[PDB]
Amino acid sequence: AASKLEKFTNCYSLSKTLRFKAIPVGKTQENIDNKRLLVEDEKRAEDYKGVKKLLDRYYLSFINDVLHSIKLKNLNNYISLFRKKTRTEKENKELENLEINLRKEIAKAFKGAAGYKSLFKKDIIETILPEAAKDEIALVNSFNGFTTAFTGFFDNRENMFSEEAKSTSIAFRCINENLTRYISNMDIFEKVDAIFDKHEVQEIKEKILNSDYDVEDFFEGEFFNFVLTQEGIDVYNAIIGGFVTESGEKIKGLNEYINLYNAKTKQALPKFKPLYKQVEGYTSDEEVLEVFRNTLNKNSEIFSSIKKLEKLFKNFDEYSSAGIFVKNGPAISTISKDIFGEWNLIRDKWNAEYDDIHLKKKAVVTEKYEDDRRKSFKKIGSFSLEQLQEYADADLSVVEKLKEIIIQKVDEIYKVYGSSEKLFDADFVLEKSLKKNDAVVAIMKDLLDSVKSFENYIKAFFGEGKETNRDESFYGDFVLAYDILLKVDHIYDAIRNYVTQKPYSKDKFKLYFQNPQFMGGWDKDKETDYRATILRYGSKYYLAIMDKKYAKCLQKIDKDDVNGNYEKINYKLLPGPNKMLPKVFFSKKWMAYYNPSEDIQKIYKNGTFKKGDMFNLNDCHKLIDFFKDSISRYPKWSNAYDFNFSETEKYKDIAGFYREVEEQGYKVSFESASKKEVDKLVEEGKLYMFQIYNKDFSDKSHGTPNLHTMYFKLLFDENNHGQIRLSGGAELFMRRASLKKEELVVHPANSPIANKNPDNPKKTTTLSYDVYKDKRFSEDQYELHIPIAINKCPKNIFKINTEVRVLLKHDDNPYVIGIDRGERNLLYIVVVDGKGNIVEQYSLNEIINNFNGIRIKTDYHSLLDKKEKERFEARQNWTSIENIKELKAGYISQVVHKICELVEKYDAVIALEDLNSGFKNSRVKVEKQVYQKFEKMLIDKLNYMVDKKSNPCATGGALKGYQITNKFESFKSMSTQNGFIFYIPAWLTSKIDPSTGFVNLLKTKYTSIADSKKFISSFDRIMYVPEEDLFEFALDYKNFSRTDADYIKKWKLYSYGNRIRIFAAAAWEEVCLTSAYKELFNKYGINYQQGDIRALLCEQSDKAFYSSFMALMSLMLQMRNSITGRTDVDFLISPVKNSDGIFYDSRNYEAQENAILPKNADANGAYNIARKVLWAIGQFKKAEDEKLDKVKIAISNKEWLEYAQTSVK
RNA sequence: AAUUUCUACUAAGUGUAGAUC
Ligand SMILES: [Mg+2]
Ligand SMILES: [Mg+2]
């Protein structure tokens, strides 16, 4: 009988690496320099990039051994089934499986033969690179035994040969890029054949381009395989584009000839598309500038492609609107906005057309119907200009409005060129430095942006076809030009990364000290081989590295008593008992030293001790006892570890025994070694010594330590059985300094420094010593990464999701933490009990820190506000944008802690937005990409949640962290449920009356006067109430469309309260309700004491009554009201009364402590996100224990409104 | 404006609060 969290400790193992600074002690650094130990590791760091290029060389020769040798069998059917003019009906589906097998055939041809094995293993730079193609053999030699360097590279490069359908894959480049273009050129070649003079075709082209083959050949389908390799690609593209001839001659390609057939001026005869060949900036101001000048000046090719695209689109009318497509996705919203004037128009017209087909007059639109229709829209690949014009009202030519938009964008590039013109002068020199030159950086960004946006907008004109009749006459010119234009993407990114860079560098290189096996392990004596160990003196820890000539130097050292002793590390990790107990104890040396029995041998060889229905408990137990006894009689192990074994009988399986061996097969304590003696070893350079350090080891550190500091100390604390452990794979790095100390910004001693937190009541600080910006980057820095194992031997095994459900099922009053992102609040929190009562509500705009019993807050929302003003003053430059992103990422590391306390405090489950059902809205300040990061870190922390201020052995302290979450997988996997975390859709959580569950499901925009009458008439009643001085609209959501989700159906709307209206004016004004009705009715001669006035109201003859009656109605249903300037109120008022008679205003809760209902609209959202989890909990309470794992949690809008409206009481 | 590293700091004077492969 305890808390639900109590059950979640020692569940699964987790591994982490702690980093530290390593401070060289004494003469160590001098010795390191004299003996020149470092430079070995530093040049390798230099030539790493060089060797990588040589690896790419052999890779490219390889790719071209497999590609010369390949004949695609799948191909010949594929081409046919491709240009079959589809005819669809999923007959094409047959083909889309033929496609995948084209990539399948390529991948397997790589893997299948001519080696491929020896490619990403140690033997590629050992021997293979040396035998392939002196100044290059030398660099590779030379990395022998240091093959570690290329592992990240090795992973990045094996993705080349997959069937992955990624732009990484060679196969994808072959079939889904080159082959569609190769096919599309056949059909161009067939159509455009006779244009070619015999003297033009094979004459100049066959001889000068080849003298082998003929031009006809490369437009035959069986010839494609020839064009997989780069030569055949160059040959092909030279046929199209042209060729230099090796003399000045310059042979025209096919495209020039088609061009020269402008003589018929009908023209618009399609040109061929070239084939994709396959397989920046950033180091200096002079480089960055050289690229900008070179790629973006007015006779660059990017600027050439812009002029061609200007010419192309100027003739947009000349082309067939039926054969021009716009890719489906964001480009559809945008172009809808630019063409018609609204986002959802295209989507809306398309929904109007889908309905008519799928909407049976039995009707009632349901959630699934809307989900399925949505799945259909998304699935649609693209829209022709013709189809878009099909939605085009009269008066509005879609092509022409598009022309004026595109042309406009090119004119904006040309004006921006004019403003940047001096930058492209041969004469131009950079006076200041780039990161000191805001003006230049802004000139560059302006131009880059205007071209990037042009590029990014024009990209929409494909539709990934895979499409029927395309206007190849348009897509010839377009594709020629756009492939060039696209180069701006790379340039943009590189230049931006360079400006955005920190003024310092974190570049570093791994240290082996001329030792391939340096520091592989710790725990055991292999210390003569690994040559690194760990020393302790008082509170300080040290890393000690023995010189090769003196490995044993640490061996022989007295226990002293001259009053000076480092403590010295030893003892032992027994690694993987399950592999290692049988490898030792069945080794013939042991099978001599011991007998053993043949009953034991037979059990092992057959494996009657494992699982898998050959299991025999007694056979298993015999093995155990054999091992147990073998353990008594094996010195190496029984003088190392203190084995305390469970009775053999209470072992159910063999893993039970193995865990105990693993658990006890690790010791760790300390030896004793003369301080004076090793200190001298350092002096003589027999030993190199570094202090392992972070600021928490400073003699002036008095605060609560870093979490990782605790982990590290706890490694060697008596109270740690239980358990954090030290692991091998430690690495030492060198980080060369990147700032010069004399050049740092400094706050000089004895002068007040302004304090920056406006909520810090102390205004200045005066210290008696100097404070330096970024000081740590002005010194060469050694850094030490040490791997640790947490909960290596878990006792509690179970499924975390199932256990959470079971405990919630049997919890009589489970609390839920709701988190929501808000408009006036970065994050807002609502804690709720098992019945929906709010227990705690507040904004997380302010993070309050504790040190002593002193509290100081930081308002991160004001920070973001000052930085957004900064971004405005700086004209949205890159660096402010990065500053805002990082601020937010900082903020979320603060929030993670606030959530952990709340979980611990209320034993509560967490309710979070599912971001894969993504909506989002411009007003919320934490965007999706930051929130996703937040949700990942929340998960990461809940793998091992720890409160730093708890005593470490206590549950929830550093040796007993809560594990209430499984390991992160991906963002797509952040849905449904991860342990204590539940992912909820935000649908209908903010705009809903938390006291009745009323949500506005009507559509109140004026459309027509008939529609308005129908609307008014669909109401049950409209009656002015004299007693309560109110108008009462009584409705039945049945008589209105798309209201299926509502549960109560019958709702009496009233007037009381007022509302804030946009009133887009000469954009804010406010409006009292029940007095706006009185006004309007008087205005039109309608006496309203006469109710039911529905019939009456419909007697009105002009739009003006109706247009303003509807606008009035919309406001009554507008529950959320906000001024935007004033932080005071973003309130919620509801047009419907509860069972006790008065209705809900937010301002009546707006100032209290933790009210019973939400205080503003931000709260309501976090409150309702939490209630959906209560709903989910409610489903658990309905299921049997063994069914819990199966219960669905994806609440539907209909379940939600039923719950919101019935549970309130 | 100090950091294993990050963000926000100065937090009582070479650092503070979270977080951190
Ligand atoms: Mg600290
Ligand atoms: Mg900083």
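Atoms considered below: every heavy atom in the structure, side chains included; atoms not considered: hydrogens, waters and symmetry mates. The sequence lines fix the lettering, A, B, ..., with proteins before strands; numbering per chain opens at 1.
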Please give, in whole Å, the distance from [N] [atom2] to [X] [atom1]?
{"X": "A/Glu886", "N": "B/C9", "atom1": "CD", "atom2": "P", "result": "14 Å"}
{"X": "A/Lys773", "N": "B/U10", "atom1": "NZ", "atom2": "P", "result": "14 Å"}
{"X": "A/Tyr772", "N": "B/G13", "atom1": "OH", "atom2": "P", "result": "20 Å"}
{"X": "A/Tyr769", "N": "B/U10", "atom1": "OH", "atom2": "P", "result": "13 Å"}
{"X": "A/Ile854", "N": "B/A12", "atom1": "CD1", "atom2": "P", "result": "9 Å"}
{"X": "A/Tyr504", "N": "B/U4", "atom1": "OH", "atom2": "P", "result": "13 Å"}
{"X": "A/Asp759", "N": "B/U10", "atom1": "CG", "atom2": "P", "result": "11 Å"}
{"X": "A/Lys21", "N": "B/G15", "atom1": "NZ", "atom2": "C1'", "result": "14 Å"}

Applying salt bridge (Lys or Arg N to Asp or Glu O under 4.0 Å), name anything that partners A/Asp914, two or more places apart in sequence or on another chain.
-> none
How would the sugar of [N] be described, north or south, if a positive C1'-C2'-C3'-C4' means north and a negative one means south?
{"N": "B/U7", "answer": "north"}
{"N": "B/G13", "answer": "south"}
{"N": "B/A17", "answer": "north"}

Within the 4.0 Å heavy-atom criterion, would you say [X] contacts the bases, only the backbone, or no part of the nucleic acid?
{"X": "A/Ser768", "answer": "nothing"}
{"X": "A/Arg735", "answer": "sugar-phosphate"}
{"X": "A/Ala754", "answer": "base"}
{"X": "A/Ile753", "answer": "base"}
{"X": "A/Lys885", "answer": "nothing"}

Strictly by modelled atom types, are [X] and [Y] linked by a side-chain donor-acceptor pair under 3.5 Å?
{"X": "A/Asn845", "Y": "A/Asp859", "answer": "no"}
{"X": "A/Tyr931", "Y": "A/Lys933", "answer": "no"}
{"X": "A/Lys762", "Y": "A/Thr765", "answer": "yes"}

Give a yes or no on whether a salt bridge exists between [X] and [Y], defined as a side-chain N under 4.0 angstrom from a carboxylate O.
{"X": "A/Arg821", "Y": "A/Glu913", "answer": "yes"}
{"X": "A/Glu840", "Y": "A/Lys905", "answer": "yes"}
{"X": "A/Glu779", "Y": "A/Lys741", "answer": "no"}

Hunt down any stem RNA chain B takes part in, defined as 3 or more consecutive Watson-Crick or G-U pairs whose two distances are each under 3.5 Å.
-> B:5-9 with B:15-19
May I ask you to evaluate whether A/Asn757 reaches the phosphate of B/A11, defined as a side-chain N or O under 4.0 Å from OP1 or OP2?
-> no
Indicate whether OP1 or OP2 belonging to B/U14 is found under 4.0 Å from a side-chain N or O atom of A/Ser698.
-> no
Name the residue closer to the 5' end of RNA chain B, choosing between A/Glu783 and A/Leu863 according to the nucleotide with the nearest heavy atom.
-> A/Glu783
5′-ward residue of the pair A/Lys888/A/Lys756 relative to RNA chain B | A/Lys888
Determine the Euclidean distance between corresponding [atom1] atoms of [M] and [N]; express it in Å to zero decimal places.
{"N": "B/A8", "M": "B/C21", "atom1": "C1'", "value": "22 Å"}
{"N": "B/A1", "M": "B/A11", "atom1": "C1'", "value": "13 Å"}
{"N": "B/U3", "M": "B/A17", "atom1": "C1'", "value": "13 Å"}
{"N": "B/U16", "M": "B/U10", "atom1": "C1'", "value": "7 Å"}
{"N": "B/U4", "M": "B/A12", "atom1": "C1'", "value": "26 Å"}
{"N": "B/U7", "M": "B/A2", "atom1": "P", "value": "10 Å"}

Assign B/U4 to syn or anti; the rule is syn for a glycosidic angle within 90° of 0 and anti otherwise.
-> anti
In a table with atom names and distances, give each donor-acceptor pair under 3.5 Å that connects a side chain of residues 956-968 of chain A to protein atoms at least two apart or in another chain.
from     : atom 1 : to       : atom 2 : distance (Å)
A/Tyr962 : OH     : A/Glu904 : OE2    : 2.8
A/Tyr962 : OH     : A/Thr955 : O      : 3.4
A/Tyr962 : OH     : A/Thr955 : OG1    : 3.2
A/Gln963 : OE1    : A/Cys11  : N      : 2.7
A/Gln963 : OE1    : A/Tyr12  : N      : 3.1
A/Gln963 : OE1    : A/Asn791 : ND2    : 3.1
A/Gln963 : NE2    : A/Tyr12  : O      : 3.0
A/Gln963 : NE2    : A/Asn943 : O      : 3.0
A/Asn966 : ND2    : A/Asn801 : OD1    : 3.2
A/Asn966 : ND2    : A/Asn978 : OD1    : 3.3
A/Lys967 : NZ     : A/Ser13  : O      : 3.4

Whether B/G13 stacks with B/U14 under 5.5 Å centre spacing and 30° plane angle = no
Would you say the base of B/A1 and the side-chain of A/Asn755 have a donor-acceptor pair closer than 3.5 Å?
-> yes
Side-chain donor/acceptor contact of A/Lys762 with base of B/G13 under 3.5 Å = yes
Would you check if the distance from the ring center of A/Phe513 to the ring center of A/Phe518 is below 6.0 Å?
-> yes
Are A/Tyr782 and A/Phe690 near enough that their ring centres are under 6.0 Å apart?
-> yes
Which donor-acceptor pairs under 3.5 Å do the side chains of residues 769-777 of chain A make with protein atoms, sequence neighbours left out?
from     : atom 1 : to       : atom 2 : distance (Å)
A/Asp770 : OD1    : A/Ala749 : N      : 2.8
A/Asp770 : OD2    : A/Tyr772 : OH     : 3.3

Summarise protein proximity over nucleotides 16-21 of chain B in one line of letters, 5' to 3': B for base, S for sugar-phosphate only, - for none, counting protein heavy atoms closer than 4.0 Å.
-> BSBBBB
Under the ring pair (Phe, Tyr, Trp, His ring centres under 6.0 Å) test, residues paired with A/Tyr944 that sit two or more places apart | none
